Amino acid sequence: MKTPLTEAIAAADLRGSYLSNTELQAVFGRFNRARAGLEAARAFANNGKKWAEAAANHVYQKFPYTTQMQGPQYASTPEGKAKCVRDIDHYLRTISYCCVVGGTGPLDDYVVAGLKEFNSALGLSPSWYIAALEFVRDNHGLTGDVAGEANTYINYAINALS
């Protein structure tokens, strides 16, 4: 996909040459954050499946109509809510991947490309997701650098959905 390492290799390749210092110093900077990022991924790996339900609920408070209105694509039924918690998870799981890779790559190919084309066709609304994501943003309660890297990718996701 698209990691900062990969981005650097593509640049060099298009010129058919080895890495320039600027791109070298650029990559050397990657490894200086890898620890922080990985530490974020470890946090999601554990208390992340839970952050899912937490959001699944909060979103029902902002949008009550989702849990009531006879849903062909709504969480009205108990089986529909089961999917809403799975969807929240996927976003989180994908975001964690970004902390590991150290870039937008995962989000870019797994959930960003072709996002709206799909949603606005199956009747799902971006607002439900955007909201439930902000929840985990504040609530996760991550330290600072591990939180610095974790939050960075959450906002990027919130951006694309807007």
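Numbering starts at 1 and runs along the sequence shown.
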query	finding
Mean C-alpha temperature factor, higher of 25 to 33 and 103 to 111	25 to 33
Out of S96, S127, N119, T66, highest CA B-factor residue	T66
Third of the chain, ranked by Cα B-factor, where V85 sits	middle
Third assignment of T152 from its chain's C-alpha B-factors	middle
